[PDB]
$ cat run01.cif   # mmCIF, C-alpha atoms; chains and numbers go by the auth columns
data_upload
#
loop_
_atom_site.group_PDB
_atom_site.id
_atom_site.type_symbol
_atom_site.label_atom_id
_atom_site.label_comp_id
_atom_site.label_asym_id
_atom_site.label_seq_id
_atom_site.Cartn_x
_atom_site.Cartn_y
_atom_site.Cartn_z
_atom_site.B_iso_or_equiv
_atom_site.auth_seq_id
_atom_site.auth_asym_id
ATOM 1 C CA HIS A 1 119.210 121.215 106.913 0.00 4 V
ATOM 2 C CA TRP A 2 118.621 121.380 110.616 0.00 5 V
ATOM 3 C CA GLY A 3 119.884 124.173 112.824 0.00 6 V
ATOM 4 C CA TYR A 4 118.779 126.784 115.329 0.00 7 V
ATOM 5 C CA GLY A 5 117.750 129.493 112.833 0.00 8 V
ATOM 6 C CA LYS A 6 114.518 131.187 112.092 0.00 9 V
ATOM 7 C CA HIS A 7 113.231 128.325 109.728 0.00 10 V
ATOM 8 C CA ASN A 8 115.178 125.165 110.654 0.00 11 V
ATOM 9 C CA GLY A 9 115.208 125.198 114.476 0.00 12 V
ATOM 10 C CA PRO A 10 114.093 122.613 117.010 0.00 13 V
ATOM 11 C CA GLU A 11 110.371 122.892 116.266 0.00 14 V
ATOM 12 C CA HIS A 12 111.093 121.699 112.678 0.00 15 V
ATOM 13 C CA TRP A 13 113.422 118.767 113.461 0.00 16 V
ATOM 14 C CA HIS A 14 110.584 116.209 113.682 0.00 17 V
ATOM 15 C CA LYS A 15 110.020 116.365 109.920 0.00 18 V
ATOM 16 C CA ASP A 16 113.390 114.791 109.159 0.00 19 V
ATOM 17 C CA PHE A 17 113.786 113.026 112.543 0.00 20 V
ATOM 18 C CA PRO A 18 110.417 111.777 113.731 0.00 21 V
ATOM 19 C CA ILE A 19 111.925 110.478 116.963 0.00 22 V
ATOM 20 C CA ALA A 20 111.967 114.178 117.974 0.00 23 V
ATOM 21 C CA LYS A 21 108.422 113.484 119.266 0.00 24 V
ATOM 22 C CA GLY A 22 109.494 110.236 120.941 0.00 25 V
ATOM 23 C CA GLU A 23 109.031 108.885 124.432 0.00 26 V
ATOM 24 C CA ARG A 24 112.488 109.577 125.818 0.00 27 V
ATOM 25 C CA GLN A 25 113.606 112.930 124.369 0.00 28 V
ATOM 26 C CA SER A 26 116.103 115.336 125.934 0.00 29 V
ATOM 27 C CA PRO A 27 116.579 117.823 127.391 0.00 30 V
ATOM 28 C CA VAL A 28 113.941 118.009 130.131 0.00 31 V
ATOM 29 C CA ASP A 29 113.050 120.343 132.966 0.00 32 V
ATOM 30 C CA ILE A 30 114.317 118.965 136.297 0.00 33 V
ATOM 31 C CA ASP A 31 111.661 119.651 138.932 0.00 34 V
ATOM 32 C CA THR A 32 113.618 119.543 142.209 0.00 35 V
ATOM 33 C CA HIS A 33 110.368 119.092 144.124 0.00 36 V
ATOM 34 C CA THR A 34 109.485 115.836 142.371 0.00 37 V
ATOM 35 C CA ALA A 35 112.903 114.265 141.635 0.00 38 V
ATOM 36 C CA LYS A 36 113.356 111.642 144.338 0.00 39 V
ATOM 37 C CA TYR A 37 116.500 110.647 146.141 0.00 40 V
ATOM 38 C CA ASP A 38 117.523 107.137 145.115 0.00 41 V
ATOM 39 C CA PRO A 39 119.702 105.479 147.793 0.00 42 V
ATOM 40 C CA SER A 40 120.580 102.659 145.321 0.00 43 V
ATOM 41 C CA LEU A 41 122.553 105.119 143.167 0.00 44 V
ATOM 42 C CA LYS A 42 126.291 104.726 143.666 0.00 45 V
ATOM 43 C CA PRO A 43 129.009 107.466 143.703 0.00 46 V
ATOM 44 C CA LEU A 44 129.949 108.741 140.258 0.00 47 V
ATOM 45 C CA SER A 45 133.490 107.832 139.211 0.00 48 V
ATOM 46 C CA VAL A 46 135.050 110.318 136.802 0.00 49 V
ATOM 47 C CA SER A 47 138.492 109.034 135.790 0.00 50 V
ATOM 48 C CA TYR A 48 140.060 111.625 133.502 0.00 51 V
ATOM 49 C CA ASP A 49 143.744 111.457 134.597 0.00 52 V
ATOM 50 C CA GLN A 50 144.839 109.785 131.327 0.00 53 V
ATOM 51 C CA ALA A 51 142.560 111.796 129.002 0.00 54 V
ATOM 52 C CA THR A 52 144.138 112.535 125.604 0.00 55 V
ATOM 53 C CA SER A 53 142.517 115.409 123.796 0.00 56 V
ATOM 54 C CA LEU A 54 143.374 115.651 120.116 0.00 57 V
ATOM 55 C CA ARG A 55 141.495 118.323 118.212 0.00 58 V
ATOM 56 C CA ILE A 56 138.777 120.968 118.344 0.00 59 V
ATOM 57 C CA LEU A 57 136.239 121.248 115.505 0.00 60 V
ATOM 58 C CA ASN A 58 133.578 123.814 114.561 0.00 61 V
ATOM 59 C CA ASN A 59 130.869 121.567 113.067 0.00 62 V
ATOM 60 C CA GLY A 60 128.473 124.348 112.227 0.00 63 V
ATOM 61 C CA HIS A 61 126.253 123.747 115.262 0.00 64 V
ATOM 62 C CA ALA A 62 128.745 123.856 118.155 0.00 65 V
ATOM 63 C CA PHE A 63 132.419 122.997 118.603 0.00 66 V
ATOM 64 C CA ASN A 64 133.621 119.600 119.726 0.00 67 V
ATOM 65 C CA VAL A 65 136.785 118.944 121.769 0.00 68 V
ATOM 66 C CA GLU A 66 137.700 115.408 120.663 0.00 69 V
ATOM 67 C CA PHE A 67 139.556 112.704 122.608 0.00 70 V
ATOM 68 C CA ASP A 68 141.407 109.493 121.797 0.00 71 V
ATOM 69 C CA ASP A 69 138.827 106.833 122.710 0.00 72 V
ATOM 70 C CA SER A 70 140.698 103.770 121.322 0.00 73 V
ATOM 71 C CA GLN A 71 141.578 102.677 124.895 0.00 74 V
ATOM 72 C CA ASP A 72 140.133 103.177 128.435 0.00 75 V
ATOM 73 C CA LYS A 73 141.903 106.519 128.993 0.00 76 V
ATOM 74 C CA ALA A 74 139.135 108.809 130.228 0.00 77 V
ATOM 75 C CA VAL A 75 136.149 106.932 131.588 0.00 78 V
ATOM 76 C CA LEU A 76 132.928 107.431 133.501 0.00 79 V
ATOM 77 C CA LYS A 77 131.671 104.642 135.746 0.00 80 V
ATOM 78 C CA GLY A 78 129.438 104.262 138.760 0.00 81 V
ATOM 79 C CA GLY A 79 126.459 106.406 139.440 0.00 82 V
ATOM 80 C CA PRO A 80 123.473 104.899 137.628 0.00 83 V
ATOM 81 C CA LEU A 81 125.776 103.162 135.155 0.00 84 V
ATOM 82 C CA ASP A 82 126.689 99.494 134.658 0.00 85 V
ATOM 83 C CA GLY A 83 130.028 99.071 133.005 0.00 86 V
ATOM 84 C CA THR A 84 132.498 101.483 131.601 0.00 87 V
ATOM 85 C CA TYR A 85 131.895 104.495 129.361 0.00 88 V
ATOM 86 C CA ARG A 86 134.685 106.112 127.427 0.00 89 V
ATOM 87 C CA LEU A 87 134.962 109.858 126.808 0.00 90 V
ATOM 88 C CA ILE A 88 134.787 110.685 123.080 0.00 91 V
ATOM 89 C CA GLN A 89 134.124 114.456 123.019 0.00 92 V
ATOM 90 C CA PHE A 90 132.670 117.425 124.826 0.00 93 V
ATOM 91 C CA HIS A 91 130.774 120.401 123.536 0.00 94 V
ATOM 92 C CA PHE A 92 128.632 123.244 124.796 0.00 95 V
ATOM 93 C CA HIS A 93 125.278 124.878 124.177 0.00 96 V
ATOM 94 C CA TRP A 94 124.924 128.620 124.925 0.00 97 V
ATOM 95 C CA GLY A 95 122.746 131.649 124.529 0.00 98 V
ATOM 96 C CA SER A 96 122.802 135.116 123.024 0.00 99 V
ATOM 97 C CA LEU A 97 122.034 136.514 126.504 0.00 100 V
ATOM 98 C CA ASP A 98 123.095 135.324 129.929 0.00 101 V
ATOM 99 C CA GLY A 99 119.511 134.326 130.868 0.00 102 V
ATOM 100 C CA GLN A 100 119.293 131.518 128.311 0.00 103 V
ATOM 101 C CA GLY A 101 121.552 128.890 126.786 0.00 104 V
ATOM 102 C CA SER A 102 121.168 125.691 128.751 0.00 105 V
ATOM 103 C CA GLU A 103 119.229 122.692 127.431 0.00 106 V
ATOM 104 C CA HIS A 104 118.222 121.198 130.738 0.00 107 V
ATOM 105 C CA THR A 105 116.427 123.563 133.101 0.00 108 V
ATOM 106 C CA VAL A 106 116.086 123.362 136.877 0.00 109 V
ATOM 107 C CA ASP A 107 112.616 124.334 138.119 0.00 110 V
ATOM 108 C CA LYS A 108 112.308 126.111 134.748 0.00 111 V
ATOM 109 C CA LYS A 109 115.567 128.084 135.358 0.00 112 V
ATOM 110 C CA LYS A 110 117.726 128.434 132.276 0.00 113 V
ATOM 111 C CA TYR A 111 121.465 128.760 132.748 0.00 114 V
ATOM 112 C CA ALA A 112 123.781 130.725 130.454 0.00 115 V
ATOM 113 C CA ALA A 113 125.235 127.543 128.925 0.00 116 V
ATOM 114 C CA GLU A 114 125.565 123.800 129.350 0.00 117 V
ATOM 115 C CA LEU A 115 128.569 121.511 128.850 0.00 118 V
ATOM 116 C CA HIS A 116 128.031 117.931 127.612 0.00 119 V
ATOM 117 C CA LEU A 117 130.786 115.341 128.125 0.00 120 V
ATOM 118 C CA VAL A 118 129.831 112.442 125.884 0.00 121 V
ATOM 119 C CA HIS A 119 130.834 108.857 126.709 0.00 122 V
ATOM 120 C CA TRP A 120 130.045 105.534 125.028 0.00 123 V
ATOM 121 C CA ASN A 121 129.581 102.086 126.578 0.00 124 V
ATOM 122 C CA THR A 122 132.613 99.993 125.836 0.00 125 V
ATOM 123 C CA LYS A 123 130.508 96.784 125.639 0.00 127 V
ATOM 124 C CA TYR A 124 129.331 97.956 122.190 0.00 128 V
ATOM 125 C CA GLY A 125 132.838 98.368 120.770 0.00 129 V
ATOM 126 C CA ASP A 126 132.464 101.763 118.998 0.00 130 V
ATOM 127 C CA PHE A 127 130.389 104.906 119.205 0.00 131 V
ATOM 128 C CA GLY A 128 128.324 104.177 116.094 0.00 132 V
ATOM 129 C CA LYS A 129 127.170 100.838 117.506 0.00 133 V
ATOM 130 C CA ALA A 130 126.602 102.370 120.966 0.00 134 V
ATOM 131 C CA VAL A 131 124.177 104.998 119.746 0.00 135 V
ATOM 132 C CA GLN A 132 121.904 102.152 118.504 0.00 136 V
ATOM 133 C CA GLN A 133 121.454 100.868 122.058 0.00 137 V
ATOM 134 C CA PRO A 134 119.249 102.226 124.863 0.00 138 V
ATOM 135 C CA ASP A 135 122.227 102.147 127.256 0.00 139 V
ATOM 136 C CA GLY A 136 124.836 103.111 124.714 0.00 140 V
ATOM 137 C CA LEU A 137 125.864 106.562 125.909 0.00 141 V
ATOM 138 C CA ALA A 138 126.363 108.410 129.196 0.00 142 V
ATOM 139 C CA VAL A 139 126.347 112.199 128.991 0.00 143 V
ATOM 140 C CA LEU A 140 127.627 114.279 131.894 0.00 144 V
ATOM 141 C CA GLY A 141 125.862 117.614 131.775 0.00 145 V
ATOM 142 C CA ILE A 142 127.223 120.642 133.634 0.00 146 V
ATOM 143 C CA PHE A 143 125.528 124.020 133.868 0.00 147 V
ATOM 144 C CA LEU A 144 127.404 127.290 133.349 0.00 148 V
ATOM 145 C CA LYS A 145 126.551 130.595 135.001 0.00 149 V
ATOM 146 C CA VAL A 146 128.211 133.938 134.327 0.00 150 V
ATOM 147 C CA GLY A 147 130.286 135.230 137.232 0.00 151 V
ATOM 148 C CA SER A 148 133.957 134.579 137.939 0.00 152 V
ATOM 149 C CA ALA A 149 136.190 133.216 135.180 0.00 153 V
ATOM 150 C CA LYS A 150 136.851 129.505 134.889 0.00 154 V
ATOM 151 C CA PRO A 151 140.629 129.170 134.515 0.00 155 V
ATOM 152 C CA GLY A 152 140.267 125.627 133.192 0.00 156 V
ATOM 153 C CA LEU A 153 138.190 126.939 130.262 0.00 157 V
ATOM 154 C CA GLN A 154 140.609 129.587 129.019 0.00 158 V
ATOM 155 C CA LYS A 155 142.611 127.270 126.758 0.00 159 V
ATOM 156 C CA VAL A 156 139.320 126.518 124.914 0.00 160 V
ATOM 157 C CA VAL A 157 138.412 130.205 124.721 0.00 161 V
ATOM 158 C CA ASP A 158 141.916 130.926 123.507 0.00 162 V
ATOM 159 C CA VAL A 159 141.609 128.674 120.410 0.00 163 V
ATOM 160 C CA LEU A 160 138.159 129.694 119.171 0.00 164 V
ATOM 161 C CA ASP A 161 139.432 132.405 116.840 0.00 165 V
ATOM 162 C CA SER A 162 141.239 129.639 114.920 0.00 166 V
ATOM 163 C CA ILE A 163 137.963 127.718 114.386 0.00 167 V
ATOM 164 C CA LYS A 164 135.622 130.606 113.764 0.00 168 V
ATOM 165 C CA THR A 165 133.655 129.080 110.927 0.00 169 V
ATOM 166 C CA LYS A 166 132.013 125.753 110.091 0.00 170 V
ATOM 167 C CA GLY A 167 134.454 123.042 109.075 0.00 171 V
ATOM 168 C CA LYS A 168 137.537 124.490 110.677 0.00 172 V
ATOM 169 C CA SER A 169 139.526 122.370 113.097 0.00 173 V
ATOM 170 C CA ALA A 170 142.681 122.932 115.118 0.00 174 V
ATOM 171 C CA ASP A 171 145.098 120.695 117.057 0.00 175 V
ATOM 172 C CA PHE A 172 144.065 120.693 120.668 0.00 176 V
ATOM 173 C CA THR A 173 146.288 118.339 122.617 0.00 177 V
ATOM 174 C CA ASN A 174 146.903 118.068 126.326 0.00 178 V
ATOM 175 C CA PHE A 175 143.649 119.678 127.463 0.00 179 V
ATOM 176 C CA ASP A 176 142.529 118.496 130.844 0.00 180 V
ATOM 177 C CA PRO A 177 138.741 118.219 131.176 0.00 181 V
ATOM 178 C CA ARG A 178 138.999 117.969 134.969 0.00 182 V
ATOM 179 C CA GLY A 179 139.316 121.699 134.931 0.00 183 V
ATOM 180 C CA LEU A 180 135.706 121.983 133.803 0.00 184 V
ATOM 181 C CA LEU A 181 134.178 120.093 136.776 0.00 185 V
ATOM 182 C CA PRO A 182 132.477 121.749 139.773 0.00 186 V
ATOM 183 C CA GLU A 183 133.420 120.818 143.324 0.00 187 V
ATOM 184 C CA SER A 184 130.480 118.490 143.931 0.00 188 V
ATOM 185 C CA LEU A 185 129.529 115.468 141.817 0.00 189 V
ATOM 186 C CA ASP A 186 125.920 115.397 143.179 0.00 190 V
ATOM 187 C CA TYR A 187 123.629 114.724 140.235 0.00 191 V
ATOM 188 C CA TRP A 188 120.252 113.998 138.774 0.00 192 V
ATOM 189 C CA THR A 189 119.794 111.116 136.332 0.00 193 V
ATOM 190 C CA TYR A 190 117.157 110.003 133.835 0.00 194 V
ATOM 191 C CA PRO A 191 116.986 108.083 130.537 0.00 195 V
ATOM 192 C CA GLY A 192 116.926 110.246 127.405 0.00 196 V
ATOM 193 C CA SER A 193 118.365 111.153 124.061 0.00 197 V
ATOM 194 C CA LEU A 194 120.915 113.054 122.106 0.00 198 V
ATOM 195 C CA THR A 195 119.819 116.698 121.931 0.00 199 V
ATOM 196 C CA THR A 196 120.818 117.196 118.290 0.00 200 V
ATOM 197 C CA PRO A 197 119.702 115.153 115.268 0.00 201 V
ATOM 198 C CA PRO A 198 119.562 112.199 114.971 0.00 202 V
ATOM 199 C CA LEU A 199 118.047 112.565 118.509 0.00 203 V
ATOM 200 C CA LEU A 200 118.648 108.882 119.281 0.00 204 V
ATOM 201 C CA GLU A 201 117.254 107.566 122.568 0.00 205 V
ATOM 202 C CA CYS A 202 120.514 106.052 123.737 0.00 206 V
ATOM 203 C CA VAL A 203 121.581 108.254 126.652 0.00 207 V
ATOM 204 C CA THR A 204 121.785 107.840 130.417 0.00 208 V
ATOM 205 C CA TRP A 205 121.847 111.494 131.461 0.00 209 V
ATOM 206 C CA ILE A 206 123.841 112.548 134.495 0.00 210 V
ATOM 207 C CA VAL A 207 123.255 116.257 135.189 0.00 211 V
ATOM 208 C CA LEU A 208 125.339 117.821 137.947 0.00 212 V
ATOM 209 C CA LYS A 209 123.541 119.953 140.491 0.00 213 V
ATOM 210 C CA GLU A 210 126.355 122.476 141.009 0.00 214 V
ATOM 211 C CA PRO A 211 127.028 124.840 138.066 0.00 215 V
ATOM 212 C CA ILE A 212 130.458 126.139 137.122 0.00 216 V
ATOM 213 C CA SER A 213 131.112 129.867 136.748 0.00 217 V
ATOM 214 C CA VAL A 214 132.592 131.423 133.633 0.00 218 V
ATOM 215 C CA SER A 215 133.249 135.102 133.036 0.00 219 V
ATOM 216 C CA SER A 216 131.340 137.472 130.751 0.00 220 V
ATOM 217 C CA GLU A 217 134.517 137.756 128.638 0.00 221 V
ATOM 218 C CA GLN A 218 134.694 133.954 128.230 0.00 222 V
ATOM 219 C CA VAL A 219 131.054 133.685 127.152 0.00 223 V
ATOM 220 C CA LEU A 220 131.422 136.646 124.801 0.00 224 V
ATOM 221 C CA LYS A 221 134.178 134.761 122.926 0.00 225 V
ATOM 222 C CA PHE A 222 131.818 131.771 122.471 0.00 226 V
ATOM 223 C CA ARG A 223 129.307 134.201 120.973 0.00 227 V
ATOM 224 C CA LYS A 224 131.870 135.303 118.324 0.00 228 V
ATOM 225 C CA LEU A 225 131.864 131.862 116.712 0.00 229 V
ATOM 226 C CA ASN A 226 130.001 131.443 113.444 0.00 230 V
ATOM 227 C CA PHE A 227 127.467 128.887 112.246 0.00 231 V
ATOM 228 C CA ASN A 228 128.444 129.690 108.666 0.00 232 V
ATOM 229 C CA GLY A 229 131.435 128.625 106.652 0.00 233 V
ATOM 230 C CA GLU A 230 134.335 130.858 105.653 0.00 234 V
ATOM 231 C CA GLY A 231 133.490 133.347 102.958 0.00 235 V
ATOM 232 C CA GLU A 232 129.774 133.209 103.787 0.00 236 V
ATOM 233 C CA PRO A 233 127.577 135.886 105.420 0.00 237 V
ATOM 234 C CA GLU A 234 128.174 135.932 109.130 0.00 238 V
ATOM 235 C CA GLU A 235 125.639 134.221 111.389 0.00 239 V
ATOM 236 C CA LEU A 236 126.802 134.221 115.007 0.00 240 V
ATOM 237 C CA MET A 237 126.812 130.861 116.757 0.00 241 V
ATOM 238 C CA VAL A 238 124.404 131.676 119.588 0.00 242 V
ATOM 239 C CA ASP A 239 121.259 130.064 120.961 0.00 243 V
ATOM 240 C CA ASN A 240 122.369 126.613 119.866 0.00 244 V
ATOM 241 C CA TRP A 241 120.171 124.907 122.496 0.00 245 V
ATOM 242 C CA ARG A 242 117.132 122.631 122.230 0.00 246 V
ATOM 243 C CA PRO A 243 114.334 123.529 124.711 0.00 247 V
ATOM 244 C CA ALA A 244 112.935 121.132 127.275 0.00 248 V
ATOM 245 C CA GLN A 245 110.877 118.191 125.981 0.00 249 V
ATOM 246 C CA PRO A 246 108.024 116.349 127.667 0.00 250 V
ATOM 247 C CA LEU A 247 109.083 114.001 130.466 0.00 251 V
ATOM 248 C CA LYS A 248 106.423 111.423 129.628 0.00 252 V
ATOM 249 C CA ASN A 249 106.763 108.127 131.410 0.00 253 V
ATOM 250 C CA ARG A 250 110.100 108.876 133.105 0.00 254 V
ATOM 251 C CA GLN A 251 111.330 109.640 136.600 0.00 255 V
ATOM 252 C CA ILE A 252 114.300 111.827 137.453 0.00 256 V
ATOM 253 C CA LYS A 253 116.327 110.412 140.337 0.00 257 V
ATOM 254 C CA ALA A 254 118.642 112.376 142.640 0.00 258 V
ATOM 255 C CA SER A 255 121.907 111.109 144.028 0.00 259 V
ATOM 256 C CA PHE A 256 121.621 113.390 147.048 0.00 260 V
ATOM 257 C CA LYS A 257 119.161 114.345 149.763 0.00 261 V
#

$ encode --input "run01.cif" --output "structure tokens"
Amino acid sequence: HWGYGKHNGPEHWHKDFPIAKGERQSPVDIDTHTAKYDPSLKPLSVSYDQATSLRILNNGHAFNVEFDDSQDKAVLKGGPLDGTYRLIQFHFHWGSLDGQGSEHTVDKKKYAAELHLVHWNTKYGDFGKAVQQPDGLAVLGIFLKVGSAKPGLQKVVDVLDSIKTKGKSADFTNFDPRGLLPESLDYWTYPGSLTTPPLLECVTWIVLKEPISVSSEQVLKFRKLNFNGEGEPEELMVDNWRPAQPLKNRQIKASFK
């Protein structure tokens, strides 16, 4: 089955998921010299004050921090979006080396990692219906660089030894995702897809311009996770990123001059 290994990585995914070669695939390279400022874009509204995290899960590809999405507790609105999008989970993609790990690139620059905060459009009632719609999801993408530690990330780092291997989960309540946001909410936006199978073209991407910093020690603990299950030969969970896909007939818009 699909993964990021020597024989099942991104270049193979099209065989089981033909939409991998579709018209609106993600991630993409963001060319800052051709993305155009769109004055019709409105301020992004990130409302995470009532967010209720529940659990953290190693799913064999990444780890997900999961939220209670049965009410409007943690929502994204504004920006390019119409309506209200509820936070369901976040996860990361990262590298084996600090010079790779992000999915989106900026003028071909790869960051050390990328955080995806996944939200679904409440007009479709549940996540599974939302992913069947072109405007079903909004993903907030945030780049990570290695430098100073991110205090807001340490609770996540802290818990990873308890979910080392595929299939392990742990309680993870009262985590505040506001502590993962940069200062500025300046962003680029374009229409795209999920970056893991099933690669559905249901996402309004909102990629923040300003990266967050994490420390080398924080990243190193991500790189101790395992793709494998308990009792199986160890395969470190690294380089769990899809490379940039063709932009095709899309435009990337900037919220800022």

$ residues_around --input "run01.cif" --residues "residue 82 (chain V)" --least-positions-apart "3" --cutoff "10 Å" --atoms "only C-alpha atoms" --output "count of residues only"
16

$ atom_distance --input "run01.cif" --atom1 "CA of residue 108 (chain V)" --atom2 "CA of residue 158 (chain V)"
25.3 Å

$ residues_around --input "run01.cif" --residues "residue 232 (chain V)" --least-positions-apart "6" --cutoff "10 Å" --atoms "only C-alpha atoms" --output "number ranges by chain"
V: 61-64, 168-171, 238-241

$ residues_around --input "run01.cif" --residues "residue 257 (chain V)" --least-positions-apart "5" --cutoff "8 Å" --atoms "only C-alpha atoms" --output "mmCIF file with C-alpha atoms, in the frame of the given file"
data_model
loop_
_atom_site.group_PDB
_atom_site.id
_atom_site.type_symbol
_atom_site.label_atom_id
_atom_site.label_comp_id
_atom_site.auth_asym_id
_atom_site.auth_seq_id
_atom_site.Cartn_x
_atom_site.Cartn_y
_atom_site.Cartn_z
ATOM 1 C CA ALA V 38 112.903 114.265 141.635
ATOM 2 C CA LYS V 39 113.356 111.642 144.338
ATOM 3 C CA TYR V 40 116.500 110.647 146.141
ATOM 4 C CA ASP V 41 117.523 107.137 145.115
ATOM 5 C CA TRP V 192 120.252 113.998 138.774
ATOM 6 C CA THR V 193 119.794 111.116 136.332
ATOM 7 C CA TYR V 194 117.157 110.003 133.835
#

$ atom_distance --input "run01.cif" --atom1 "CA of residue 248 (chain V)" --atom2 "CA of residue 13 (chain V)"
10.4 Å

$ atom_distance --input "run01.cif" --atom1 "CA of residue 167 (chain V)" --atom2 "CA of residue 118 (chain V)"
18.3 Å

$ resolve_selection --input "run01.cif" --expression "the PyMOL selection byres ((chain V and resi 149) around 9)" --output "MDAnalysis selection string"
chainID V and resid 101:102 114:117 147:148 150:152 215:219

$ residues_around --input "run01.cif" --residues "residue 24 (chain V)" --least-positions-apart "4" --cutoff "9 Å" --atoms "all atoms listed in the file" --output "PDB file with C-alpha atoms, keeping the file's coordinate frame"
ATOM      1  CA  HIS V  17     110.584 116.209 113.682  1.00  0.00           C
ATOM      2  CA  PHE V  20     113.786 113.026 112.543  1.00  0.00           C
ATOM      3  CA  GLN V  28     113.606 112.930 124.369  1.00  0.00           C
ATOM      4  CA  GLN V 249     110.877 118.191 125.981  1.00  0.00           C
ATOM      5  CA  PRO V 250     108.024 116.349 127.667  1.00  0.00           C
TER       6      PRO V 250
END

$ resolve_selection --input "run01.cif" --expression "the PyMOL selection byres ((chain V and resi 88) around 10)" --output "tab-separated table (two decimals) with C-alpha atoms, keeping the file's coordinate frame"
chain	number	residue	atom	x	y	z
V	49	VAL	CA	135.05	110.32	136.80
V	72	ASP	CA	138.83	106.83	122.71
V	75	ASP	CA	140.13	103.18	128.44
V	77	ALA	CA	139.14	108.81	130.23
V	78	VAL	CA	136.15	106.93	131.59
V	79	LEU	CA	132.93	107.43	133.50
V	80	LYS	CA	131.67	104.64	135.75
V	81	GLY	CA	129.44	104.26	138.76
V	84	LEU	CA	125.78	103.16	135.16
V	85	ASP	CA	126.69	99.49	134.66
V	86	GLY	CA	130.03	99.07	133.00
V	87	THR	CA	132.50	101.48	131.60
V	89	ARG	CA	134.68	106.11	127.43
V	90	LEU	CA	134.96	109.86	126.81
V	91	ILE	CA	134.79	110.68	123.08
V	121	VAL	CA	129.83	112.44	125.88
V	122	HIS	CA	130.83	108.86	126.71
V	123	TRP	CA	130.04	105.53	125.03
V	124	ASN	CA	129.58	102.09	126.58
V	125	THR	CA	132.61	99.99	125.84
V	127	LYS	CA	130.51	96.78	125.64
V	140	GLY	CA	124.84	103.11	124.71
V	141	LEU	CA	125.86	106.56	125.91
V	142	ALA	CA	126.36	108.41	129.20
V	143	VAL	CA	126.35	112.20	128.99

$ resolve_selection --input "run01.cif" --expression "the PyMOL selection byres ((chain V and resi 60) around 12)" --output "ChimeraX atom specification"
/V:56-59,61-70,92-94,160,163-176,229

$ residues_around --input "run01.cif" --residues "residue 157 (chain V)" --least-positions-apart "6" --cutoff "9 Å" --atoms "only C-alpha atoms" --output "list in words"
residues 181, 183, 184, 218 and 222 of chain V

$ closest_residue --input "run01.cif" --among "V:251, V:31, V:23, V:134" --to "residue 202 (chain V)" --atoms "all atoms listed in the file"
V:23
